[PDB]
Structure formats: C-alpha cells, structure tokens
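Contents: one structure, followed by commentary.
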Amino acid sequence: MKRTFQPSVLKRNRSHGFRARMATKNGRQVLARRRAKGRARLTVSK
Amino acid sequence: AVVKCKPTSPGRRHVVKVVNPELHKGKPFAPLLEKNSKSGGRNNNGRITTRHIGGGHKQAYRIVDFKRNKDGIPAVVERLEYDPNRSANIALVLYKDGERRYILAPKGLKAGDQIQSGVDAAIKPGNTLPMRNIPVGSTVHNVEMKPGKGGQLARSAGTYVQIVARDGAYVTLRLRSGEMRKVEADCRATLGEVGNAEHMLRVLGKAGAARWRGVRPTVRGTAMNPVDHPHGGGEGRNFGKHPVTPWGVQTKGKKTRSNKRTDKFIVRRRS
RNA sequence: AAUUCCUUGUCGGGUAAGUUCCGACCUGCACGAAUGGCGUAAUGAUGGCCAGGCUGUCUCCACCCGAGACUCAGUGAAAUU
RNA sequence: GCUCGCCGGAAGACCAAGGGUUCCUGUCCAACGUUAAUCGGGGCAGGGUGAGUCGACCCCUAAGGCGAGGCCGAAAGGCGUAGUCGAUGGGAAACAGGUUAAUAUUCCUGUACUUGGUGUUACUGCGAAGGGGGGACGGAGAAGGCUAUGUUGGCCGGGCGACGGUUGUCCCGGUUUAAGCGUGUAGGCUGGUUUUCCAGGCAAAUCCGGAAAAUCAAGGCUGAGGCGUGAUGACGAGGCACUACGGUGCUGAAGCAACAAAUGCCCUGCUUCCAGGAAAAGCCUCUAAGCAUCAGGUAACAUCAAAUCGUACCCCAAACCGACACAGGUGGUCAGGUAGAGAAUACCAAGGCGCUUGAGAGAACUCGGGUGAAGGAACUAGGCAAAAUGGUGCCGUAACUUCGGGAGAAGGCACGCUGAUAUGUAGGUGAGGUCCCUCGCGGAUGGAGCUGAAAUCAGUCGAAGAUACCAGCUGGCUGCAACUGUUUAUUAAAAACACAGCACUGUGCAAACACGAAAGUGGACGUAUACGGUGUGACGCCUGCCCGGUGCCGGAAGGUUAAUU
RNA sequence: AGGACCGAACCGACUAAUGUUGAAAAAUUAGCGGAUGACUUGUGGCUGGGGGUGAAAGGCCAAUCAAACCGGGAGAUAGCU
C-alpha cells in the first residue's frame, strides 16, 4: 500500500528551503524564533 | 448536408452530423497562427469563477480581420477553411498587392469570387461600406458599435441584422433577439449574412461528444445537502421552496439589467 | 402496485401440499400526467419465481495424502491480578 | 566436490528516483542475526570511483514564479509592463578488442570525428536588439521493401561407446567481426531556368509574396538496407609448457550458402476521418545606420585549446516508502528453444536460487486437498459452497424488434498414428543459362535448389485421439433504470449521481454572473444558431381543470409614509 | 467505421473461506468487471480552514474532518464524579 511520504529532493528544497523562508516576512520570523531557541539545524537545506 | 449514422451500436443510434465537402482539407496558413492555452474557468486568483469548463481538444488561434479597413484594393478569395474557435467558417483572401488575410465566410461566397471594401465599393455580398451609404431595408452582418473599433454584432453561424430607418447621424437596426438598437450612422457593415445555417441541425448523440468540446457535467442542486445548496436535501424528494440559484437569486423571471449608463439607445428591448 | 391498514382480499394457472411468483377482477385506508403518466427492442458482478443437466448441500457419514496440535534439544511473549 | 529439487515476459540482466560506503581484502565473535556460528549488509584497520565525444553546468523556451518605473490599498501588502528565472521538451562530436581482488565508450592497443583562438596564403562586399525561410508537431487503418534473430545443409576439429546394436542417412562442439570513409538502391515529395514590372512584409532590400512574357521537360531534395574498404588485423573450439592447482605466457583449424522472420527500421512517409492537432534558439538567407587602400567574409595549410562537478555499490529489493533482515507498494530499457493464434499455459537454455530453528511420533480436533455404494436439493432465509459446461471446421437455429439485432440462440456430426494419390501436392522463394540496356544495386525470359498447408481413399492400436496444462452451464415468466460510464480510501456499487434529448427564464457587450475593501482577472481574444442559472431525463403515443393564497412581471388615480425645511 | 465483441500486460473490487495479541493498523488464496477510451501512467506547476475541491457520499484536504494541524488568550467555565 502506498504511504504518505514520497521523498523528492527538488520539491523539499522548494517548499522548506533557506531561500524560500527568506522570501517572505512571515518566513523570516520562523528563522528568528529558531535562532533564539539555539537550534543547531536552521532549515532542511542540508 | 445532414447525414444520420446507422445504428451499429449504442451511442451511434441518434448521431446526426453535418458534412461540407467544400472545406479545404489541409494545414492552415502558418503566418496567421497563434497559441491558445486552456484556463479551466479559473482566474488569476486560482479560484473557479465559471463552472462546467475543463478538458477538450487542443486548438490553435486564427487571426481574423474584423476591422476590414483595407479600402480601394480588390481581392479574390482562395479557399474556405474550418475554424475550431467559432461556429462559422472562414475564407482566405488574397489582395492585389500580395497580402493575405482571413474573413468570415458569407452565405453565397465561394472560390474565385471578388470582394472589395470602401465607400466606392458596390452593393454586393461580402462588401463592407459605412452604414451611411447602405440603402435602408437591406440585410447586413458584422456591424460595429463604434466607428473604427471592429464588428461585434451578428457574428454567429446564421445571424443577420436588418436596417429599419435612418433620420440623422444615427440609424435604427433590428437585432436577432428582437431588440431595436440605435447606433451612429458612420459604422461599417458587410452585406449578406454568415452562411452556416445547418449548424443548428446537429445532435451530439452521446455523453462523450460533449466532453470533446470541453464541457464538464452539471449537478442539479436538489440532490445536494443543505450546507451546499439552498435547494438542500430531505427524506426523499421534497423541494418545498421557490426556485433559486446558488447565492440566493430567484432566477425565474427576475430581471438583472442595472446598467443605466446608456439607457438611451434601447427602444424595444424584446418581447 | 418499490404505494393496500383490514389481508394469507376473491377466482384461475403451476405443486401430492404454494403467506412468495404469473394472469384477471376494482371496495384506489392513502395512483395520476415534465419534483412527469403509460408502453418499449437491446444492455446489467441489480430484486423476485419456475425447469433440464450436475453434484457429499443433505438422508449419514467412511477412508486416504499434506501443514499444525503431541514428545526431545535451543531461544523465549501477552491481556489479567 | 558429486547428486536431487525450484524460477526462467523472472525469483535473469542494465538504469532513473531515493539511500549514502552497504563495494574489495585482512582480522575478531561480547552485543546485533527470532537457534548454533569458524559465517554476515555486524565490530576494527587498510584499499578502491581516471572523460574535448556519456550526464550535469552551458545556449533556448512551456505551464507557472519573481518583478525597476507604474496602478491600487488604514499599516503589513495586492496586481502587473520592460525584463529576468523556470524541464518533464529543442540544440556540435567514438567505435571494436584487451586488462584490476575491487573502475572504464573514462586506463592501454588499433582506427576515427566535432566546435573555437592565432598565424600564413589566395580570392573577396562586410555589417542587426530588424524582415523572410526553416526548426514545427493529431487519431485510426492498410500494405510493400529490410534488419535484429532463429532453423537446416555444407565446411573444420574431436569421438567409436559400463547392457543387445552403432564406420553411417551416425554422435558432440564451433562456424564471430564495430564506428568511420566511398558508392546513392527499394521508395516518398515537388515542373525547372532566364528577363521585365509592382498600393504588401512599421525604414530599406538582389531575399519572401504578387503580375506579365520567353524557353525546356530533366532539375533538385529526402532516403532503410546491401556491397567495397576498415581487416596480411582482432577474436577463435581445442592443444602444449609454467601451474602456491587461486591462475598465467606461447601456439591456434574452419570462419560459407539457403530458408523463415518481428510490436524494431524506411515512416515527422502514404490513405482516410472530425474532436482540426506547443513555443523559442542554434542553422540558412536579405539589407539599414556605419566602415571601405582599413576592418570583415569564403577556401586551403600550420599550430594551440576544450575548464569545472558526477562516475564505487543496491535499485520489484535484506540497502528506497511501510517502527522489523515485514507474504504489501514503486517509472523506463533488453526479449533464446519445443508445442501454441499469442508477451496465455506446460517443460527447458544463458543466468540465479532452496526463502536463518532442527530431530522424532503418525490420537481427538482445526486448516488446504483426492475418491465414494443406493438416492439426487429431501439441505437452507436463499442451490451459499461444490460439482458441471469449455477448442476448431461443417450443418442447423424460435418469440419479439428501433431491422443493426436477438445469436456462439437451442441442437447434431467429424478429430490419433502409418501408407498412397504426389519417392513432398496447391502455394511461396529463387541460382545458373539466355536476352536486353540511359552498361547499373537494371528489365525480360528461364527454371535447378530450398521451404511447405489442406483434402480424399485404404490400413491399424486403446476403455477413452479438442487425451495433460489451458478452455462459455443452458432455457421460460416478471419489477426497476434506456444504454458505455461515476460514488461512501477502511462493513452499503444500487432502483442512488452523470448522460444525449426536451422546456422555462436571465443576458446587446465595459453582457448577465463569479473571485476581490480596490486596481484588476475569469466568462472570451467569444457576440443571441452565443453564454449563465433551474427542473426533467434515449426513443414512441401524450401531457387535462384551478390565479383565492405565496413569489415573479406590468400599471397607475387615491390613501399612508424617512432624512431635510 | 465503433464511449463495438472474446481475452493477457495495465487499471478496478461483486461472492466465499482463512486471518482478527495477523505475514499485513484493511491483506492472502480460488472465482469476478473494464481493457482505443467520459481510458491509464511518469515529472513539474496552481487553488488554504466558515475556506478549497466535489459525475454529490457530508465524500476528500499527510493512518485525524457536520469545520485540519501547531503555538498563544489559559490555571476558559464545571450548581457534576
């Protein structure tokens, strides 16, 4: 049976990539929150 | 000619088709072609604004000369062609200088005929002249609402317009719907009428034929739930309310014209 | 009657015996003409009924071929209390 | 190591997506592996991915995204022009053989090809963010000509039999070779050359389009395969020396013909139909502003350059998505033999596997199967389940019907093997010879060889000849929906939803209507034979009476009535 | 010629048995329907929560739908256990 997760690198970067987050005001706030918490991995870029 | 297929299988019992052997069987004129992508009834917001649109066969757009301002140069028609973008047919016309264009095909026009446009032009079908020089009581088609804007009336398969009378800088016309409209006596018109009257005698015969044209199925509305349509549901088939559209309008005689900007060129709207 | 409460209405057909099925009758509790009425060849993994063929479905169960169940060695769960 | 069993349109082979050292060698057995373990996709250490031609990057664009000025909006922000991004599509160039424990069209041997920079020489009208050509396109169907590939004969090497026969019409194996260059065939499309003139292609034009004459019909373009060369080469069954029996050097015969034949190629072709079938650049041409003894353009020769990143391994699965070494899911390419209509089915080749707990016993009962005396639905809510029918040819076939159907209706007869007609028939293929010729990959005649259905007659074996796998049960009456289709992923597939057809009603274009505080967009590059909404639901015969109530469409005297004054 | 006929690949899910701390949080085995079209499939793109999409079941929107998920108002309120 087919399951929900079907990986694709190109689609992953276009949806949650670093450049996608920086392109919108609300996306920039996501980075600020994660930086304050001290996350080691900011996004899914690598 | 109209031909009915034999009943060799269901879905072909009731099929009636219109066949015209005079139409050209070949590729069209490449220089006058353009692409045309489907929309699906969705606007730039991505939402559906018109329902029952989707699918169909791929089509290419043909540039047609509605303005018809090439005056004083005789032209000869070459061949007739099938246009998928409209119900009427089109004709390829070659001018004396050497330029080619597309025009709507009148009723009595065939290969080898001669047409011309302008005030000096003669009173023959396929000729375009200002309505000021057109004798009253004649039949015309492809009429312009404003001078130099291009024709916008009587462009269907077998429609036409008749000039009733003229008094000043205006003329009175009777439209196919029965309305009597007043327009400036400087617009252009073409003698005759669009020849495809057999277009309305065809019958699709099966559901698949409609899908070929890009029409999606329609859901009545009394078969939905209350949260979807005002006609709602019920235990069985109740329908105990006045007929109404989605969004709640009577749609059983209520009028919707509320322009009021012109409200001056209309005399005998209809009926 | 996909509609009939009284009801297994009454008569005829099919069965040794038919509250179902088919054909008539009209007392239509409470059918009816585009929220359509009455017919209709073909089509349907659609509802009801009757025949031929065929059989372990049954009268009534018997034997046989394989995988578990049982014994020995290794590993080693669960609900509940 | 020798036997046995299983898959073989895969349970074989090569990739994309995804994963990220699981790849090769040495060494170890605590934990991990549903048991043991010397073994492992486990622990530890070392080693392994070689490109001008393959892919990415790069040039060009589709849906769509972003968007200088600009338009709009309390703020945030929305839409969009010039532009700039975005493959799942278009765009130059390499093949065969050998080699490592682990990589190769990337290394080595042999033989090729493409695009640029500079120099020399010869001859010269060069120039674009502009014009034209080209690139460039659908479904179905029907043939003809070919190849991959297979079978048989010939040729070459080897063999004479564990038990009767086997020197022959006997047995086993092999019989392979590319890109490139030259030749331009089967076949497809189109009439050429010269001169003069012109309201068109935003200006120009020798180019494209149009008009009028003259003169000839051979002009051009596209094009599978075959043949020659590449090749005195490479490969090659088996022998013979090394050979830690893990494996290496050397040597090496024959290497042809006929027949059958694709879903692949000629074919982006041809015929036909209605629903009428992308864009841009590279490429080929034409000139403007300019520059002209310069600079540039065409051809030959020489020389230099072609960077950077990916390349191991699995990839229908133990390495990817399912918490697992999980009877699940996952796109493309390759397609042998016998029987067969077949990519179905049965048995096999190349190749790969026996699925990570075993050994005994032969109770009840449960699960998956085989056979059955006499009766044959008496079972049960119900013939649920099971049993049964099953192929090809010929004969034959009802009510009803929209004349197409119903229909494979129902039912009946014949099927193996051997010989003859005919030492292999009808048919297909086709050498030599002969003849012709625009002498070429040509035409006519000619028939050797090869391959090969079906039918009739006679004989013969068994209980049974469509013998296995494979492979329709049939008929009569009736309700509902016309029909093919669609639906509650995971208890409902239907009489429910769609449907062609029919009717009412709205809408004259800046259309009605819909998404949006707005700009704007869809409807539509459409125009009443058009578009939106509502009910009914093929087709045939038909669709009666009622306008008091509610809604909608008109009318207008009189009564009543807001802000304002 | 055909939303034509028989039947594999491919796409579906009408009947029965097994399984129900399953091999599997919806499968396996034997039969079954469509199979040139209103057909099926790979890659990328667009529509966002009182909103989307819907050949219309209150179906589907990441194993969750008569109003998704995450954080916040928040120690909401609870004459009831």
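Protein chains get the first letters and strands the later ones, always in sequence-line order, with residue 1 at the start of each. The figures here come from the full heavy-atom set of this structure, side chains too, leaving out hydrogens, waters and symmetry mates.
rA41(C) and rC480(D): their P atoms are spaced 13 Å apart (whole Å). The separation of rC256(D) from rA335(D), taken at their P atoms, amounts to 27 Å, rounded to a whole angstrom. When the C1' atom is used for both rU27(C) and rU10(C), the distance is 12 Å, rounded to whole Å.
Across all strands shown, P28(B) has no heavy atoms under 4.0 Å from either base or sugar-phosphate atoms. Using a 4.0 Å heavy-atom criterion, one finds that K255(B) contacts the sugar-phosphate atoms exclusively. If you check every strand for non-hydrogen atoms under 4.0 Å, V249(B) touches nothing. Heavy atoms of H141(B) sit nowhere under 4.0 angstrom from any nucleic acid atom. Counting non-hydrogen atoms under 4.0 angstrom, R261(B) reaches a base of the nucleic acid. Contacts of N238(B) with the nucleic acid, taken as non-hydrogen atoms under 4.0 Å apart, include base atoms.
For the consecutive nucleotides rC509(D) and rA510(D), the six-membered rings of the bases fall outside the stacking limits of 5.5 Å between centres and 30° between planes. In this strand, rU176(D) sits stacked on its neighbour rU177(D); the base ring centres are under 5.5 angstrom apart and the planes under 30 degrees.
Here the nucleotide nearest the side chain of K252(B), chosen from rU534(D), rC513(D), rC509(D), is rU534(D). Checking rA63(E), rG535(D), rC321(D) against the side-chain heavy atoms of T4(A) singles out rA63(E) as nearest.
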Protein-nucleic acid N or O pairs under 3.5 Å, nucleotides 399-408 of chain D:
residue, atom, partner, partner atom, Å
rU402(D), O2', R13(B), NH1, 2.5
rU402(D), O2, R13(B), NH1, 3.3

At a cut-off of 3.5 Å, list every protein nitrogen or oxygen paired with a nitrogen or oxygen from nucleotides 196-200 of chain D, distance to 0.1 Å.
residue, atom, partner, partner atom, Å
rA199(D), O2', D97(B), OD2, 3.4
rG200(D), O4', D97(B), OD2, 3.4

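A heavy atom closer than 4.0 Å to some atom of RNA chain E occurs in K11(A), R14(A), these being the qualifying members of residues 11-40 of chain A. In the region residues 174-198 of chain B, proximity to RNA chain D at under 4.0 angstrom, judged on heavy atoms, holds for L175(B), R176(B), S177(B), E179(B), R181(B), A197(B). Non-hydrogen atoms lying under 4.0 Å from RNA chain E are contributed by nothing in residues 106-138 of chain B. Annotation: proximity of residues 204-223 of chain B to RNA chain E (heavy atom, distance under 4.0 Å) is found for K206(B), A207(B), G208(B), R211(B), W212(B), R216(B), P217(B), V219(B), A223(B), numbered in ascending order. A heavy-atom distance below 4.0 Å to RNA chain E is reached by these residues of residues 45-61 of chain B, ordered by number: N45(B), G46(B), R47(B), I48(B).
Atom CZ of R39(A) sits in a sparse spot, with 12 or fewer heavy atoms from other residues, nucleotides or ligands closer than 6.0 Å. The environment of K124(B) atom NZ is dense: over 12 non-hydrogen atoms of other residues, nucleotides or ligands sit within 6.0 angstrom. Open room surrounds NZ on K11(A); 12 or fewer heavy atoms of other groups in view lie less than 6.0 Å from it.
Contacts classified as side chain to side chain donor-acceptor pair (under 3.5 Å) and involving residues 88-97 of chain B (residues at least two apart or in different chains) are given here: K70(B)-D97(B). Residue pairs meeting the salt bridge (charged side-chain N to carboxylate O under 4.0 Å, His left out) criterion with at least one partner in residues 170-193 of chain B, sequence neighbours excluded, are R132(B)-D186(B).
Nucleotide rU456(D) is annotated as paired to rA420(D) [Watson-Crick or G-U wobble, both distances under 3.5 Å]. A Watson-Crick or G-U wobble pair joins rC14(E) and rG31(E), with the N1-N3 or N1-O2 distance and the second distance both under 3.5 Å.
With a glycosidic angle no more than 90° from 0, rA244(D) adopts the syn conformation. Taking syn as a glycosidic angle within 90° of 0, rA305(D) does not qualify and is anti.
With sequence neighbours excluded, no residue forms a ring pair (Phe, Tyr, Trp, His ring centres under 6.0 Å) with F29(B). The side chain to side chain contact (heavy atoms under 4.5 Å, CB included) search around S45(A) returns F18(A), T43(A), not counting sequence neighbours.
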As a check on the pairing definition, encode RNA chain C in dot-bracket form, counting Watson-Crick and G-U wobble pairs whose two distances are under 3.5 Å, and using | for partners outside this strand.
.........(.............)............|.|...........||.|....|...|..|||.|||.........
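Regarding contacts with the backbone of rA275(D), every side-chain N or O of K17(B) stays at 4.0 angstrom or more from both OP1 and OP2.
In this entry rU285(D) carries a north-puckered sugar, per its positive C1'-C2'-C3'-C4' angle.
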